[PDB]
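Student: Mind looking over this structure? Questions follow.
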Amino acid sequence: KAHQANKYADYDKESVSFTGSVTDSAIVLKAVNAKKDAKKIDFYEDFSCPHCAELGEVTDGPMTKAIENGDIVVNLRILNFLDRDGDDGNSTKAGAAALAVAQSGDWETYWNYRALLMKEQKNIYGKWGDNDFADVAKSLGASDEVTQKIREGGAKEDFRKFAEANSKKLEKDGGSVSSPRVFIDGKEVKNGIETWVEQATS
């Protein structure tokens with residue numbers, strides 16, 4: 001049964017040449033031949049955070065270029081703090097759906113899926129359930145395996161473990177839990193956040 005759109009629906013899909021891994025509670029985006037001296041970014045976001053969507057609109061493009069150039073390695077450290085101490089609200093559903101895609105290693109689907117969930121955040125929030133997240137993943141190119149995993153919440157337990165580790169890391173490095181937050185080699189970008197990618201690439 002179809003939950004979002006229909007089985008013919010085509011979504012816009014940006015081409016990206018980077019790859020990724022799921023390491024140390026982060027979804028890591030990196031060039032195939034990233035420089036050993038690339039700057040390490042810790043980028044904290046939550047899928048229910050409106051200002052994370054707003055920052056992404058400004059910096060996703062340049063971030064992608066800098067990643068594809070081998071100048072930065074981005075650790076996407078996804079949080080679920082906006083679910084207000086719950087473990088299965090919109091931030092968890094979206095974050096764990098996106099994690100399931102990243103776990104499969106399909107980076108072009110992952111990237112476009114993340115972008116969509118942020119862009120449509122206001123229409124998704126409180127209205128979509130797990131089968132909606134899954135239908136959309138499938139439409140964007142996720143495998144049958146990934147899609148069924150999303151329907152069953154297969155990546156939720158690990159997503160929650162990652163989210164807790166990431167909020168503890170953010171508390172340790174940055175005092176309190178909020179989003180978006182960006183660090184360049186352990187140093188937080190507090191000022192001129194819209195230009196963090198320039199700041200990272202010198």
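Scheme for the structure tokens: letters A, B, ... for chains in order shown; per-chain residue numbers from 1; ligand numbers from 1 in order shown.
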Go through chain A and collect every residue that DSSP, computed from the backbone, puts in alpha helix (DSSP H); the answer should be as an mmCIF file with N, CA, C and O atoms, in the first residue's frame.
Tutor:
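states_5.cif written:
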```
data_model
loop_
_atom_site.group_PDB
_atom_site.id
_atom_site.type_symbol
_atom_site.label_atom_id
_atom_site.label_comp_id
_atom_site.auth_asym_id
_atom_site.auth_seq_id
_atom_site.Cartn_x
_atom_site.Cartn_y
_atom_site.Cartn_z
ATOM 1 N N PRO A 50 14.031 24.090 12.591
ATOM 2 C CA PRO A 50 13.810 24.968 11.440
ATOM 3 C C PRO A 50 15.055 25.731 11.057
ATOM 4 O O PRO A 50 15.291 25.964 9.883
ATOM 5 N N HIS A 51 15.878 26.103 12.033
ATOM 6 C CA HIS A 51 17.070 26.851 11.700
ATOM 7 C C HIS A 51 18.147 25.939 11.102
ATOM 8 O O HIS A 51 18.997 26.411 10.392
ATOM 9 N N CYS A 52 18.067 24.622 11.330
ATOM 10 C CA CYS A 52 18.950 23.670 10.630
ATOM 11 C C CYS A 52 18.581 23.607 9.166
ATOM 12 O O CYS A 52 19.440 23.630 8.311
ATOM 13 N N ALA A 53 17.284 23.624 8.874
ATOM 14 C CA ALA A 53 16.847 23.681 7.473
ATOM 15 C C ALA A 53 17.285 24.992 6.827
ATOM 16 O O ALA A 53 17.783 25.028 5.708
ATOM 17 N N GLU A 54 17.145 26.085 7.561
ATOM 18 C CA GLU A 54 17.518 27.383 7.009
ATOM 19 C C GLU A 54 19.011 27.497 6.747
ATOM 20 O O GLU A 54 19.402 27.986 5.690
ATOM 21 N N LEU A 55 19.844 27.070 7.706
ATOM 22 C CA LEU A 55 21.286 27.028 7.454
ATOM 23 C C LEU A 55 21.686 26.118 6.271
ATOM 24 O O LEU A 55 22.530 26.500 5.444
ATOM 25 N N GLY A 56 21.085 24.956 6.180
ATOM 26 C CA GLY A 56 21.331 24.031 5.067
ATOM 27 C C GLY A 56 21.083 24.639 3.694
ATOM 28 O O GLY A 56 21.830 24.393 2.732
ATOM 29 N N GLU A 57 20.039 25.447 3.586
ATOM 30 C CA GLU A 57 19.740 26.140 2.345
ATOM 31 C C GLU A 57 20.907 27.002 1.920
ATOM 32 O O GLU A 57 21.186 27.135 0.738
ATOM 33 N N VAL A 58 21.549 27.635 2.880
ATOM 34 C CA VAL A 58 22.665 28.516 2.594
ATOM 35 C C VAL A 58 23.977 27.760 2.396
ATOM 36 O O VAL A 58 24.746 28.103 1.532
ATOM 37 N N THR A 59 24.266 26.757 3.208
ATOM 38 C CA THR A 59 25.604 26.194 3.229
ATOM 39 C C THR A 59 25.722 24.792 2.616
ATOM 40 O O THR A 59 26.852 24.322 2.399
ATOM 41 N N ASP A 60 24.608 24.101 2.346
ATOM 42 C CA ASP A 60 24.710 22.748 1.751
ATOM 43 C C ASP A 60 25.471 22.731 0.418
ATOM 44 O O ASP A 60 26.299 21.865 0.160
ATOM 45 N N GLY A 61 25.193 23.715 -0.420
ATOM 46 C CA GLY A 61 25.845 23.810 -1.706
ATOM 47 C C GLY A 61 27.349 23.968 -1.600
ATOM 48 O O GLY A 61 28.092 23.142 -2.131
ATOM 49 N N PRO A 62 27.814 25.014 -0.923
ATOM 50 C CA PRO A 62 29.251 25.161 -0.757
ATOM 51 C C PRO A 62 29.875 24.017 0.003
ATOM 52 O O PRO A 62 31.000 23.610 -0.346
ATOM 53 N N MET A 63 29.163 23.469 0.990
ATOM 54 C CA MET A 63 29.688 22.320 1.754
ATOM 55 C C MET A 63 29.942 21.177 0.808
ATOM 56 O O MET A 63 30.988 20.551 0.900
ATOM 57 N N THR A 64 28.981 20.847 -0.055
ATOM 58 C CA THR A 64 29.143 19.764 -1.031
ATOM 59 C C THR A 64 30.406 19.974 -1.883
ATOM 60 O O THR A 64 31.178 19.078 -2.094
ATOM 61 N N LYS A 65 30.595 21.192 -2.373
ATOM 62 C CA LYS A 65 31.778 21.477 -3.198
ATOM 63 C C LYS A 65 33.079 21.275 -2.459
ATOM 64 O O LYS A 65 34.035 20.740 -3.002
ATOM 65 N N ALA A 66 33.113 21.681 -1.208
ATOM 66 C CA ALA A 66 34.311 21.579 -0.402
ATOM 67 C C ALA A 66 34.624 20.133 -0.059
ATOM 68 O O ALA A 66 35.789 19.736 0.009
ATOM 69 N N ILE A 67 33.573 19.360 0.174
ATOM 70 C CA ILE A 67 33.696 17.929 0.376
ATOM 71 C C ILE A 67 34.192 17.317 -0.927
ATOM 72 O O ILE A 67 35.148 16.572 -0.910
ATOM 73 N N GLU A 68 33.573 17.628 -2.060
ATOM 74 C CA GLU A 68 33.995 16.965 -3.314
ATOM 75 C C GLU A 68 35.445 17.319 -3.678
ATOM 76 O O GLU A 68 36.150 16.489 -4.235
ATOM 77 N N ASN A 90 9.210 12.974 15.666
ATOM 78 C CA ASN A 90 9.554 13.264 14.310
ATOM 79 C C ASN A 90 11.069 13.264 14.134
ATOM 80 O O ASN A 90 11.538 12.812 13.147
ATOM 81 N N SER A 91 11.831 13.816 15.087
ATOM 82 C CA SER A 91 13.289 13.901 14.929
ATOM 83 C C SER A 91 13.895 12.493 14.853
ATOM 84 O O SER A 91 14.820 12.218 14.068
ATOM 85 N N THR A 92 13.363 11.591 15.655
ATOM 86 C CA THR A 92 13.834 10.192 15.607
ATOM 87 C C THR A 92 13.396 9.475 14.352
ATOM 88 O O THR A 92 14.186 8.755 13.746
ATOM 89 N N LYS A 93 12.134 9.615 13.978
ATOM 90 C CA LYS A 93 11.644 8.965 12.750
ATOM 91 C C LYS A 93 12.422 9.397 11.494
ATOM 92 O O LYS A 93 12.879 8.560 10.687
ATOM 93 N N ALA A 94 12.626 10.699 11.339
ATOM 94 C CA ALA A 94 13.348 11.258 10.205
ATOM 95 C C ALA A 94 14.825 10.855 10.278
ATOM 96 O O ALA A 94 15.429 10.425 9.288
ATOM 97 N N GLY A 95 15.415 11.003 11.465
ATOM 98 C CA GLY A 95 16.829 10.744 11.651
ATOM 99 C C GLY A 95 17.142 9.276 11.466
ATOM 100 O O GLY A 95 18.118 8.923 10.815
ATOM 101 N N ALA A 96 16.287 8.402 11.973
ATOM 102 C CA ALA A 96 16.545 6.975 11.820
ATOM 103 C C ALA A 96 16.275 6.484 10.375
ATOM 104 O O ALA A 96 16.954 5.565 9.905
ATOM 105 N N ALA A 97 15.334 7.110 9.663
ATOM 106 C CA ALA A 97 15.095 6.802 8.232
ATOM 107 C C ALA A 97 16.323 7.181 7.390
ATOM 108 O O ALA A 97 16.839 6.383 6.616
ATOM 109 N N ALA A 98 16.862 8.358 7.650
ATOM 110 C CA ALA A 98 18.030 8.844 6.952
ATOM 111 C C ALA A 98 19.233 7.969 7.288
ATOM 112 O O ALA A 98 20.020 7.662 6.381
ATOM 113 N N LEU A 99 19.383 7.586 8.563
ATOM 114 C CA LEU A 99 20.453 6.639 8.943
ATOM 115 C C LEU A 99 20.394 5.327 8.213
ATOM 116 O O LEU A 99 21.445 4.845 7.758
ATOM 117 N N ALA A 100 19.194 4.739 8.088
ATOM 118 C CA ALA A 100 19.021 3.488 7.335
ATOM 119 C C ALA A 100 19.550 3.620 5.903
ATOM 120 O O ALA A 100 20.155 2.706 5.361
ATOM 121 N N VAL A 101 19.279 4.738 5.239
ATOM 122 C CA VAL A 101 19.830 4.976 3.921
ATOM 123 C C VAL A 101 21.348 5.095 3.931
ATOM 124 O O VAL A 101 22.007 4.478 3.126
ATOM 125 N N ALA A 102 21.912 5.869 4.839
ATOM 126 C CA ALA A 102 23.360 5.991 4.925
ATOM 127 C C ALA A 102 24.078 4.651 5.195
ATOM 128 O O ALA A 102 25.111 4.365 4.605
ATOM 129 N N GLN A 103 23.478 3.847 6.052
ATOM 130 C CA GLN A 103 24.001 2.520 6.386
ATOM 131 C C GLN A 103 24.137 1.623 5.148
ATOM 132 O O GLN A 103 25.001 0.714 5.086
ATOM 133 N N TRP A 107 25.076 6.944 -1.255
ATOM 134 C CA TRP A 107 25.314 8.311 -0.804
ATOM 135 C C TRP A 107 24.526 9.312 -1.614
ATOM 136 O O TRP A 107 24.135 10.341 -1.064
ATOM 137 N N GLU A 108 24.251 9.026 -2.882
ATOM 138 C CA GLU A 108 23.465 9.981 -3.659
ATOM 139 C C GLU A 108 21.981 9.990 -3.187
ATOM 140 O O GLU A 108 21.364 11.042 -3.062
ATOM 141 N N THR A 109 21.441 8.830 -2.850
ATOM 142 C CA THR A 109 20.107 8.759 -2.240
ATOM 143 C C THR A 109 20.071 9.436 -0.862
ATOM 144 O O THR A 109 19.214 10.278 -0.574
ATOM 145 N N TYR A 110 21.063 9.115 -0.024
ATOM 146 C CA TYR A 110 21.175 9.716 1.294
ATOM 147 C C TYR A 110 21.181 11.230 1.201
ATOM 148 O O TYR A 110 20.392 11.931 1.861
ATOM 149 N N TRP A 111 22.059 11.748 0.367
ATOM 150 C CA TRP A 111 22.150 13.205 0.285
ATOM 151 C C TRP A 111 20.819 13.872 -0.108
ATOM 152 O O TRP A 111 20.377 14.874 0.480
ATOM 153 N N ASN A 112 20.187 13.319 -1.137
ATOM 154 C CA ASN A 112 18.925 13.888 -1.590
ATOM 155 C C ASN A 112 17.780 13.681 -0.612
ATOM 156 O O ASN A 112 16.897 14.527 -0.514
ATOM 157 N N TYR A 113 17.822 12.575 0.122
ATOM 158 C CA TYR A 113 16.827 12.271 1.134
ATOM 159 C C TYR A 113 16.940 13.225 2.294
ATOM 160 O O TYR A 113 15.955 13.829 2.703
ATOM 161 N N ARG A 114 18.153 13.468 2.777
ATOM 162 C CA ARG A 114 18.391 14.479 3.827
ATOM 163 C C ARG A 114 17.865 15.850 3.401
ATOM 164 O O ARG A 114 17.185 16.531 4.200
ATOM 165 N N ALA A 115 18.227 16.253 2.183
ATOM 166 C CA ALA A 115 17.832 17.575 1.684
ATOM 167 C C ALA A 115 16.291 17.686 1.701
ATOM 168 O O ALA A 115 15.750 18.722 2.091
ATOM 169 N N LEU A 116 15.603 16.670 1.223
ATOM 170 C CA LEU A 116 14.150 16.685 1.188
ATOM 171 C C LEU A 116 13.502 16.766 2.580
ATOM 172 O O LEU A 116 12.618 17.604 2.829
ATOM 173 N N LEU A 117 13.955 15.950 3.496
ATOM 174 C CA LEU A 117 13.432 15.975 4.845
ATOM 175 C C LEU A 117 13.623 17.319 5.531
ATOM 176 O O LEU A 117 12.716 17.761 6.215
ATOM 177 N N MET A 118 14.760 17.984 5.327
ATOM 178 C CA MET A 118 14.945 19.354 5.775
ATOM 179 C C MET A 118 14.112 20.375 5.029
ATOM 180 O O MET A 118 13.502 21.266 5.675
ATOM 181 N N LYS A 119 14.053 20.294 3.711
ATOM 182 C CA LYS A 119 13.284 21.263 2.954
ATOM 183 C C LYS A 119 11.808 21.203 3.304
ATOM 184 O O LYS A 119 11.181 22.244 3.392
ATOM 185 N N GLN A 121 10.386 20.019 6.076
ATOM 186 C CA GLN A 121 10.244 19.805 7.484
ATOM 187 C C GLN A 121 8.913 20.244 8.008
ATOM 188 O O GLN A 121 8.231 19.522 8.747
ATOM 189 N N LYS A 122 8.498 21.446 7.633
ATOM 190 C CA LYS A 122 7.222 21.972 8.141
ATOM 191 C C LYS A 122 5.984 21.222 7.717
ATOM 192 O O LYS A 122 5.010 21.221 8.446
ATOM 193 N N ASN A 123 6.011 20.558 6.562
ATOM 194 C CA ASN A 123 4.907 19.713 6.063
ATOM 195 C C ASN A 123 4.926 18.263 6.543
ATOM 196 O O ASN A 123 3.918 17.570 6.540
ATOM 197 N N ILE A 124 6.078 17.813 6.962
ATOM 198 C CA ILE A 124 6.301 16.470 7.399
ATOM 199 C C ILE A 124 5.969 16.367 8.877
ATOM 200 O O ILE A 124 5.393 15.390 9.338
ATOM 201 N N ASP A 130 6.320 6.245 9.959
ATOM 202 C CA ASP A 130 7.418 5.482 9.389
ATOM 203 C C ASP A 130 7.202 5.005 7.948
ATOM 204 O O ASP A 130 8.148 4.947 7.175
ATOM 205 N N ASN A 131 5.971 4.708 7.579
ATOM 206 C CA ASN A 131 5.716 4.218 6.227
ATOM 207 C C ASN A 131 5.821 5.361 5.229
ATOM 208 O O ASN A 131 6.082 5.116 4.060
ATOM 209 N N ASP A 132 5.600 6.607 5.690
ATOM 210 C CA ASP A 132 5.776 7.768 4.837
ATOM 211 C C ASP A 132 7.240 7.998 4.594
ATOM 212 O O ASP A 132 7.670 8.184 3.449
ATOM 213 N N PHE A 133 8.044 7.988 5.653
ATOM 214 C CA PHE A 133 9.478 8.107 5.451
ATOM 215 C C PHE A 133 10.010 7.018 4.513
ATOM 216 O O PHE A 133 10.916 7.253 3.682
ATOM 217 N N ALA A 134 9.492 5.812 4.650
ATOM 218 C CA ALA A 134 9.956 4.706 3.805
ATOM 219 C C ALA A 134 9.572 4.873 2.338
ATOM 220 O O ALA A 134 10.372 4.619 1.455
ATOM 221 N N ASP A 135 8.348 5.312 2.082
ATOM 222 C CA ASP A 135 7.882 5.438 0.695
ATOM 223 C C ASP A 135 8.812 6.450 0.008
ATOM 224 O O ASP A 135 9.177 6.295 -1.161
ATOM 225 N N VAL A 136 9.113 7.546 0.710
ATOM 226 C CA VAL A 136 9.891 8.616 0.123
ATOM 227 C C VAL A 136 11.324 8.174 -0.152
ATOM 228 O O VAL A 136 11.890 8.482 -1.213
ATOM 229 N N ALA A 137 11.930 7.446 0.792
ATOM 230 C CA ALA A 137 13.211 6.858 0.567
ATOM 231 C C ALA A 137 13.220 5.983 -0.694
ATOM 232 O O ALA A 137 14.164 6.051 -1.484
ATOM 233 N N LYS A 138 12.243 5.112 -0.826
ATOM 234 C CA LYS A 138 12.164 4.220 -1.998
ATOM 235 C C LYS A 138 12.079 5.046 -3.282
ATOM 236 O O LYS A 138 12.761 4.764 -4.285
ATOM 237 N N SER A 139 11.206 6.045 -3.269
ATOM 238 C CA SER A 139 11.030 6.900 -4.453
ATOM 239 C C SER A 139 12.344 7.583 -4.844
ATOM 240 O O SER A 139 12.580 7.811 -6.025
ATOM 241 N N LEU A 140 13.179 7.939 -3.867
ATOM 242 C CA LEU A 140 14.457 8.593 -4.142
ATOM 243 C C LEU A 140 15.574 7.631 -4.495
ATOM 244 O O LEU A 140 16.717 8.063 -4.774
ATOM 245 N N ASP A 144 15.018 -1.940 -1.684
ATOM 246 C CA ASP A 144 13.920 -2.671 -0.991
ATOM 247 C C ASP A 144 14.255 -3.056 0.435
ATOM 248 O O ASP A 144 13.396 -2.985 1.321
ATOM 249 N N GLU A 145 15.511 -3.417 0.669
ATOM 250 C CA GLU A 145 16.027 -3.744 1.983
ATOM 251 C C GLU A 145 15.974 -2.544 2.929
ATOM 252 O O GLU A 145 15.534 -2.656 4.051
ATOM 253 N N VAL A 146 16.462 -1.410 2.451
ATOM 254 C CA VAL A 146 16.463 -0.186 3.224
ATOM 255 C C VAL A 146 15.023 0.251 3.515
ATOM 256 O O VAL A 146 14.686 0.640 4.661
ATOM 257 N N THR A 147 14.187 0.195 2.494
ATOM 258 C CA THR A 147 12.812 0.650 2.598
ATOM 259 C C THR A 147 12.044 -0.139 3.674
ATOM 260 O O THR A 147 11.379 0.426 4.551
ATOM 261 N N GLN A 148 12.165 -1.460 3.649
ATOM 262 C CA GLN A 148 11.523 -2.288 4.662
ATOM 263 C C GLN A 148 12.097 -2.038 6.053
ATOM 264 O O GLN A 148 11.380 -1.979 7.017
ATOM 265 N N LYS A 149 13.401 -1.841 6.153
ATOM 266 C CA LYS A 149 14.015 -1.475 7.407
ATOM 267 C C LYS A 149 13.399 -0.180 7.979
ATOM 268 O O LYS A 149 13.117 -0.087 9.165
ATOM 269 N N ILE A 150 13.185 0.828 7.125
ATOM 270 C CA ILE A 150 12.579 2.047 7.591
ATOM 271 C C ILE A 150 11.135 1.800 8.120
ATOM 272 O O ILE A 150 10.731 2.332 9.164
ATOM 273 N N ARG A 151 10.364 1.016 7.388
ATOM 274 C CA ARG A 151 9.006 0.669 7.817
ATOM 275 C C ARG A 151 8.980 0.001 9.181
ATOM 276 O O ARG A 151 8.053 0.221 9.935
ATOM 277 N N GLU A 152 9.988 -0.809 9.480
ATOM 278 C CA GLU A 152 10.094 -1.543 10.728
ATOM 279 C C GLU A 152 10.865 -0.811 11.784
ATOM 280 O O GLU A 152 10.990 -1.300 12.898
ATOM 281 N N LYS A 156 16.352 2.545 14.326
ATOM 282 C CA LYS A 156 16.004 3.469 15.418
ATOM 283 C C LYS A 156 16.849 3.277 16.646
ATOM 284 O O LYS A 156 17.315 4.227 17.258
ATOM 285 N N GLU A 157 17.063 2.024 17.018
ATOM 286 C CA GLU A 157 17.834 1.778 18.205
ATOM 287 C C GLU A 157 19.242 2.371 18.071
ATOM 288 O O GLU A 157 19.741 3.011 18.983
ATOM 289 N N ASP A 158 19.908 2.133 16.955
ATOM 290 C CA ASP A 158 21.221 2.731 16.751
ATOM 291 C C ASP A 158 21.181 4.241 16.568
ATOM 292 O O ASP A 158 22.028 4.986 17.108
ATOM 293 N N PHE A 159 20.164 4.728 15.897
ATOM 294 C CA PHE A 159 20.011 6.168 15.807
ATOM 295 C C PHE A 159 19.939 6.827 17.211
ATOM 296 O O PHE A 159 20.580 7.818 17.454
ATOM 297 N N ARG A 160 19.118 6.273 18.090
ATOM 298 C CA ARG A 160 19.009 6.790 19.475
ATOM 299 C C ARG A 160 20.350 6.725 20.201
ATOM 300 O O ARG A 160 20.707 7.639 20.917
ATOM 301 N N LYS A 161 21.081 5.618 20.059
ATOM 302 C CA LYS A 161 22.413 5.514 20.672
ATOM 303 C C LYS A 161 23.342 6.597 20.126
ATOM 304 O O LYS A 161 24.080 7.268 20.906
ATOM 305 N N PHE A 162 23.299 6.809 18.804
ATOM 306 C CA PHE A 162 24.097 7.872 18.183
ATOM 307 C C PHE A 162 23.667 9.260 18.660
ATOM 308 O O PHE A 162 24.501 10.140 18.929
ATOM 309 N N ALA A 163 22.374 9.455 18.712
ATOM 310 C CA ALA A 163 21.851 10.748 19.126
ATOM 311 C C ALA A 163 22.298 11.063 20.565
ATOM 312 O O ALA A 163 22.716 12.187 20.857
ATOM 313 N N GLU A 164 22.245 10.059 21.444
ATOM 314 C CA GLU A 164 22.678 10.296 22.849
ATOM 315 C C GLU A 164 24.180 10.611 22.919
ATOM 316 O O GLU A 164 24.577 11.572 23.590
ATOM 317 N N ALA A 165 25.010 9.841 22.216
ATOM 318 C CA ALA A 165 26.456 10.100 22.150
ATOM 319 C C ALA A 165 26.784 11.475 21.591
ATOM 320 O O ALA A 165 27.675 12.186 22.097
ATOM 321 N N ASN A 166 26.044 11.877 20.533
ATOM 322 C CA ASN A 166 26.264 13.145 19.942
ATOM 323 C C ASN A 166 25.843 14.278 20.842
ATOM 324 O O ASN A 166 26.508 15.299 20.857
ATOM 325 N N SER A 167 24.765 14.132 21.606
ATOM 326 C CA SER A 167 24.404 15.217 22.510
ATOM 327 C C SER A 167 25.411 15.307 23.669
ATOM 328 O O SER A 167 25.710 16.395 24.114
ATOM 329 N N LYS A 168 25.941 14.174 24.122
ATOM 330 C CA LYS A 168 26.974 14.228 25.147
ATOM 331 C C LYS A 168 28.261 14.879 24.649
ATOM 332 O O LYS A 168 28.876 15.689 25.379
ATOM 333 N N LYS A 169 28.661 14.566 23.414
ATOM 334 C CA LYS A 169 29.793 15.229 22.777
ATOM 335 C C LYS A 169 29.537 16.713 22.645
ATOM 336 O O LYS A 169 30.422 17.513 22.925
ATOM 337 N N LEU A 170 28.327 17.105 22.269
ATOM 338 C CA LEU A 170 28.029 18.517 22.110
ATOM 339 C C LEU A 170 28.028 19.230 23.466
ATOM 340 O O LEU A 170 28.483 20.354 23.579
ATOM 341 N N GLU A 171 27.524 18.563 24.498
ATOM 342 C CA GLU A 171 27.593 19.133 25.844
ATOM 343 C C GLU A 171 29.013 19.364 26.285
ATOM 344 O O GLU A 171 29.305 20.399 26.835
ATOM 345 N N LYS A 172 29.875 18.380 26.040
ATOM 346 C CA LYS A 172 31.279 18.434 26.414
ATOM 347 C C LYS A 172 31.999 19.537 25.630
ATOM 348 O O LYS A 172 32.710 20.363 26.217
ATOM 349 N N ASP A 173 31.812 19.582 24.308
ATOM 350 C CA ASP A 173 32.534 20.566 23.505
ATOM 351 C C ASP A 173 31.887 21.949 23.446
ATOM 352 O O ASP A 173 32.551 22.925 23.097
ATOM 353 N N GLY A 174 30.590 22.028 23.734
ATOM 354 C CA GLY A 174 29.829 23.252 23.494
ATOM 355 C C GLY A 174 28.796 23.669 24.523
ATOM 356 O O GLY A 174 27.969 24.558 24.241
ATOM 357 N N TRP A 196 30.540 29.347 7.410
ATOM 358 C CA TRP A 196 31.409 28.372 8.032
ATOM 359 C C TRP A 196 32.256 27.612 7.022
ATOM 360 O O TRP A 196 33.370 27.248 7.342
ATOM 361 N N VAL A 197 31.719 27.360 5.825
ATOM 362 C CA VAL A 197 32.450 26.574 4.841
ATOM 363 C C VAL A 197 33.684 27.391 4.369
ATOM 364 O O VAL A 197 34.809 26.843 4.293
ATOM 365 N N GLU A 198 33.482 28.690 4.142
ATOM 366 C CA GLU A 198 34.629 29.587 3.803
ATOM 367 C C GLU A 198 35.651 29.548 4.910
ATOM 368 O O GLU A 198 36.844 29.487 4.674
ATOM 369 N N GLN A 199 35.168 29.600 6.134
ATOM 370 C CA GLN A 199 36.028 29.594 7.303
ATOM 371 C C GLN A 199 36.808 28.309 7.381
ATOM 372 O O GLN A 199 37.978 28.325 7.706
ATOM 373 N N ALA A 200 36.161 27.189 7.054
ATOM 374 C CA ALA A 200 36.830 25.886 7.060
ATOM 375 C C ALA A 200 37.859 25.711 5.958
ATOM 376 O O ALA A 200 38.801 24.930 6.126
#
```
Student: What does the distance between CA of residue 75 in chain A and CA of residue 39 in chain A come to in Å, to one decimal place?
Tutor: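 If I compute the distance from CA of residue 75 in chain A to CA of residue 39 in chain A, I get 10.6 Å.
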Student: Can you measure CA of residue 30 in chain A to CA of residue 18 in chain A for me? One decimal in Å is fine.
Tutor: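 These atoms are spaced 5.6 Å apart.
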Student: Taking the chain letters and numbering used in this document, name the residues of range 45-161 of chain A that DSSP puts in strand (DSSP E), as a list in words.
Tutor: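 The residues of range 45-161 of chain A classed as strand (DSSP E) are residues 45, 46, 72, 73, 74, 75, 76, 77, 78 and 79 of chain A.
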Student: For a test of reading the model, state the distance in Å between CA of residue 34 in chain A and CA of residue 192 in chain A, rounded to one decimal.
Tutor: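 Atom-to-atom, CA of residue 34 in chain A and CA of residue 192 in chain A are spaced 25.6 Å apart.
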Student: Using only C-alpha atoms, which of the listed residues (A:194, A:83, A:71, A:88) sits closest to residue 36 in chain A?
Tutor: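 When distances to residue 36 in chain A are compared using only C-alpha atoms, the smallest one comes from A:71.
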Student: Point out the residue among A:9, A:79, A:22, A:16 with the least atom-to-atom distance to residue 47 in chain A, counting only C-alpha atoms.
Tutor: A:79
Student: Between A:84, A:77, A:1, A:127, single out the one closest to residue 179 in chain A, counting only C-alpha atoms.
Tutor: A:77
Student: So which one's closest to residue 74 in chain A, A:153, A:175, A:20, A:180? Using only C-alpha atoms, please.
Tutor: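 Smallest separation from residue 74 in chain A among the options: A:20.
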Student: Which residue gives the smallest distance to residue 37 in chain A among A:73, A:129, A:183, A:82, with only C-alpha atoms counted?
Tutor: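 Answer, going by the shortest atom-to-atom distance: A:73.
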Student: Looking at A:201, A:29, A:141, A:38, which one is nearest to residue 7 in chain A, with distances taken over only C-alpha atoms?
Tutor: A:141
